[PDB]
Amino acid sequence: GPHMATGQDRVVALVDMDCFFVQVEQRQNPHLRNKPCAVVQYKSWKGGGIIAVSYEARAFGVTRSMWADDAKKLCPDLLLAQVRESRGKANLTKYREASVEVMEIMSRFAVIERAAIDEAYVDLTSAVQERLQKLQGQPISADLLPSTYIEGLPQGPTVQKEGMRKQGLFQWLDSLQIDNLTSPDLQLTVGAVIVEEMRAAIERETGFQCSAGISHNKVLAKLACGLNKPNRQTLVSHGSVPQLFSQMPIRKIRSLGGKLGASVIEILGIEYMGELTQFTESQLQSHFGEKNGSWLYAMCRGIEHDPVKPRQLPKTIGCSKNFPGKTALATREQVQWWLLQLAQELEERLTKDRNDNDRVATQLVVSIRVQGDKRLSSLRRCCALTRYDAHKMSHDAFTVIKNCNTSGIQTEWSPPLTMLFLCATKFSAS
DNA sequence: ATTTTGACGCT
Ligand SMILES: Nc1ncnc2c1ncn2[C@H]1C[C@H](O)[C@@H](COP(=O)(O)OP(=O)(O)OP(=O)(O)O)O1
Ligand SMILES: [Ca+2]
Ligand SMILES: [K+]
């Protein structure tokens with residue numbers, strides 16, 4: 001009891017831009033705003049592959065990974081914006097720069113960990129302490145939380161969505177103990193106030209809307225974020241975890257969406273996160289390893305300790321292209337030309353990165369996939385990255401991979417290459 | 001024939 005940790009020591013948010021690439025294109029082209037629309041890369045093969053979908057179009061069943069021709073079958077009036085193409089490949093620069101806009105705004109409020117192009121974790125513990133000092137026992141008005149849901153409420157003894165939201169928020173605020181500055185529920189509530197302010201600032205200064213989760217750790221904040229989308233935020237309190245987890249499929253928890261989550265389900269014969277509480281820590285370590293077992297034992301109780309890392313910039317800068325089916329690279333000239341295209345984009349982005357961020361990459365990673373291999377990467381080799389020069393980087397990549405060619409004819413390449421990948425890594429300050 | 005990314009763990 002008095003010594004049992006409860007994982008209530010931090011306030012952590014996860015901010016997720018809503019359908020981000022779509023919003024970037026809608027800001028640029030007002031004709032696309034408030035319409036069913038999607039972002040597509042390439043156009044020749046089946047109308048192009050959809051990579052982002054507005055919520056209006058999701059209502060028709062349009063999803064990412066879908067071909068645009070098929071999406072048009074579900075949504076005949078679907079509007080499309082195309083990813084820019086440069087040097088023969090999709091170029092994501094517009095979205096990376098929009099991401100920087102948002103991340104720099106978020107960084108004014110607190111330390112952020114860039115989780116993806118449109119996702120950041122936020123460590124709010126210190127900001128919440130300061131705001132609590134400013135408030136001086138003053139109660140928190142529901143007006144300060146105009147887009148916040150409290151997971152699990154309302155409960156106990158209106159048929160509209162906003163009415164339910166307000167009822168749950170009212171119950172939560174009515175129960176709060178505003179006089180205890182160490183109260184974890186109060187701390188989460190102040191965190192939610194700050195996140196409302198952050199999201200307002202993002203929308204005012206960029207036009208972009210986002211959703212957010214607020215809880216005591218990254219996994220719960222990420223889970224909370226997806227409960228009420230778009231353009232809303234959700235507070236998941238420690239006390240909400242038993243009911244929330246009691247029907248929560250294991251695969252919905254971050255890092256359990258793949259093979260490990262499948263093995264948890266299969267070996268233990270369970271379906272929901274809460275069922276994990278019935279195993280000892282040693283049982284879980286015996287099945288899943290020391291690290292995973294301890295992590296699951298704590299996580300099914302709502303407890304997780306992974307820190308928000310102070311990192312606003314990506315650790316790697318990479319460029320890749322697939323060559324599916326008939327397009328697989330079968331000559332040496334082809335392989336070298338595409339290595340050159342990838343290296344030119346990489347040099348452009350690296351030079352910009354060096355000027356913006358006072359750092360230099362020192363390692364070049366080359367990855368390839370051969371036709372027939374089911375794995376995404378068949379081979380990975382590295383060489384020194386000593387000059388931001390595309391011809392040198394492409395020549396070096398060719399040198400490290402050229403011995404993979406089985407073909408006895410020098411001009412021909414076999415087995416054909418279905419993927420090329422150049423990644424600059426190992427940054428040092430400059 | 002999703003494609004193009006990015007982070008981290010194991011050995
Ligand atoms: N599998 C993918 N392939 C290519 N691009 C992707 C892929 N997944 C995501 N992206 C890009 C496009 C998205 O706008 C952006 C953010 O991804 P993601 O958060 O999963 O969806 P989303 O922002 O489009 O919608 P949501 O509102 O549900 O968050 O990253
Ligand atoms: Ca998103
Ligand atoms: K996401």
# chains A, B, ... in the order shown; residues from 1 in each chain; ligands from 1
call {"tool": "interface_residues", "arguments": {"of": "chain B", "to": "chain A", "cutoff": "9 Å", "atoms": "only C-alpha atoms (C1' of nucleotides)", "output": "number ranges by chain"}}
result
B: 1-7
call {"tool": "closest_atom_pairs", "arguments": {"of": "chain A", "to": "ligand 2", "cutoff": "7 Å", "atoms": "only C-alpha atoms and all ligand atoms", "output": "CSV"}}
result
residue,atom,partner,partner_atom_place_in_ligand_line,distance
A:16,CA,ligand 2,1 (Ca),4.6
A:17,CA,ligand 2,1 (Ca),4.3
A:18,CA,ligand 2,1 (Ca),4.4
A:19,CA,ligand 2,1 (Ca),5.0
A:20,CA,ligand 2,1 (Ca),5.5
A:118,CA,ligand 2,1 (Ca),5.7
A:119,CA,ligand 2,1 (Ca),6.6
call {"tool": "atom_distance", "arguments": {"atom1": "CA of residue 108 (chain A)", "atom2": "CA of residue 130 (chain A)"}}
result
14.6 Å
call {"tool": "select_by_dssp", "arguments": {"residues": "region 78-201 of chain A", "states": "helix (DSSP H, G or I)", "output": "ChimeraX atom specification"}}
result
/A:93-106,125-135,142-144,161-175,184-201
call {"tool": "select_by_dssp", "arguments": {"residues": "region 316-395 of chain A", "states": "strand (DSSP E or B)", "output": "PyMOL selection string"}}
result
chain A and resi 317-322+329-331+359-370+379-384
call {"tool": "write_last_selection", "arguments": {"atoms": "N, CA and C atoms", "output": "JSON list (two decimals), in the first residue's frame"}}
result
[["chain", "number", "residue", "atom", "x", "y", "z"],
["A", 317, "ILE", "N", 18.78, 11.29, -41.50],
["A", 317, "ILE", "CA", 18.20, 11.93, -42.68],
["A", 317, "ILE", "C", 18.33, 10.92, -43.81],
["A", 318, "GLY", "N", 17.20, 10.41, -44.31],
["A", 318, "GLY", "CA", 17.23, 9.31, -45.24],
["A", 318, "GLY", "C", 16.37, 9.54, -46.47],
["A", 319, "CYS", "N", 16.71, 8.79, -47.52],
["A", 319, "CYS", "CA", 16.04, 8.84, -48.81],
["A", 319, "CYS", "C", 15.98, 7.43, -49.37],
["A", 320, "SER", "N", 14.81, 7.01, -49.84],
["A", 320, "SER", "CA", 14.66, 5.65, -50.32],
["A", 320, "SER", "C", 13.66, 5.61, -51.46],
["A", 321, "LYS", "N", 13.78, 4.57, -52.29],
["A", 321, "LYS", "CA", 12.82, 4.35, -53.36],
["A", 321, "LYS", "C", 12.67, 2.86, -53.61],
["A", 322, "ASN", "N", 11.42, 2.43, -53.76],
["A", 322, "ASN", "CA", 11.08, 1.07, -54.16],
["A", 322, "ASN", "C", 11.01, 0.98, -55.68],
["A", 329, "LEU", "N", 15.52, -2.98, -60.68],
["A", 329, "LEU", "CA", 16.71, -2.51, -61.37],
["A", 329, "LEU", "C", 17.56, -3.71, -61.79],
["A", 330, "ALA", "N", 17.77, -3.86, -63.10],
["A", 330, "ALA", "CA", 18.43, -5.03, -63.67],
["A", 330, "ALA", "C", 19.72, -4.72, -64.41],
["A", 331, "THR", "N", 20.13, -3.45, -64.49],
["A", 331, "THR", "CA", 21.39, -3.08, -65.11],
["A", 331, "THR", "C", 22.20, -2.25, -64.12],
["A", 359, "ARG", "N", 25.17, 20.94, -37.27],
["A", 359, "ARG", "CA", 25.63, 19.56, -37.12],
["A", 359, "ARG", "C", 26.00, 18.99, -38.48],
["A", 360, "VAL", "N", 26.76, 17.90, -38.45],
["A", 360, "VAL", "CA", 27.18, 17.20, -39.65],
["A", 360, "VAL", "C", 27.04, 15.70, -39.44],
["A", 361, "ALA", "N", 26.46, 15.03, -40.42],
["A", 361, "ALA", "CA", 26.43, 13.57, -40.43],
["A", 361, "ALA", "C", 27.80, 13.01, -40.78],
["A", 362, "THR", "N", 28.13, 11.88, -40.17],
["A", 362, "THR", "CA", 29.44, 11.27, -40.38],
["A", 362, "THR", "C", 29.40, 9.85, -40.92],
["A", 363, "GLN", "N", 28.23, 9.22, -40.98],
["A", 363, "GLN", "CA", 28.10, 7.87, -41.49],
["A", 363, "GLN", "C", 27.04, 7.82, -42.58],
["A", 364, "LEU", "N", 27.32, 7.08, -43.64],
["A", 364, "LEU", "CA", 26.36, 6.84, -44.70],
["A", 364, "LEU", "C", 25.96, 5.37, -44.66],
["A", 365, "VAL", "N", 24.67, 5.11, -44.53],
["A", 365, "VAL", "CA", 24.14, 3.76, -44.52],
["A", 365, "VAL", "C", 23.46, 3.50, -45.85],
["A", 366, "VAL", "N", 23.81, 2.38, -46.49],
["A", 366, "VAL", "CA", 23.23, 1.96, -47.76],
["A", 366, "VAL", "C", 22.49, 0.65, -47.51],
["A", 367, "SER", "N", 21.21, 0.63, -47.88],
["A", 367, "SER", "CA", 20.40, -0.56, -47.73],
["A", 367, "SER", "C", 19.74, -0.90, -49.06],
["A", 368, "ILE", "N", 19.67, -2.20, -49.36],
["A", 368, "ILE", "CA", 19.03, -2.67, -50.58],
["A", 368, "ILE", "C", 18.16, -3.89, -50.27],
["A", 369, "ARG", "N", 17.17, -4.08, -51.14],
["A", 369, "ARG", "CA", 16.32, -5.26, -51.17],
["A", 369, "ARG", "C", 16.46, -5.92, -52.53],
["A", 370, "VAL", "N", 16.59, -7.24, -52.54],
["A", 370, "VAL", "CA", 16.69, -8.01, -53.78],
["A", 370, "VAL", "C", 15.35, -8.66, -54.08],
["A", 379, "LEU", "N", 19.97, -6.19, -47.35],
["A", 379, "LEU", "CA", 21.37, -5.98, -47.02],
["A", 379, "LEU", "C", 21.59, -4.54, -46.59],
["A", 380, "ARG", "N", 22.50, -4.35, -45.64],
["A", 380, "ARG", "CA", 22.85, -3.03, -45.12],
["A", 380, "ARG", "C", 24.36, -2.96, -44.92],
["A", 381, "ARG", "N", 24.97, -1.92, -45.48],
["A", 381, "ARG", "CA", 26.40, -1.67, -45.36],
["A", 381, "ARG", "C", 26.60, -0.19, -45.08],
["A", 382, "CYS", "N", 27.72, 0.17, -44.48],
["A", 382, "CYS", "CA", 27.96, 1.56, -44.14],
["A", 382, "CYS", "C", 29.34, 1.99, -44.61],
["A", 383, "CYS", "N", 29.48, 3.29, -44.87],
["A", 383, "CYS", "CA", 30.79, 3.85, -45.18],
["A", 383, "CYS", "C", 30.87, 5.24, -44.56],
["A", 384, "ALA", "N", 32.08, 5.80, -44.58],
["A", 384, "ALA", "CA", 32.29, 7.12, -44.01],
["A", 384, "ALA", "C", 31.59, 8.17, -44.87]]
call {"tool": "closest_residue", "arguments": {"among": "A:62, A:4, A:210, A:393", "to": "ligand 3", "atoms": "only C-alpha atoms and all ligand atoms"}}
result
A:210
call {"tool": "atom_distance", "arguments": {"atom1": "CA of residue 198 (chain A)", "atom2": "CA of residue 354 (chain A)"}}
result
28.8 Å
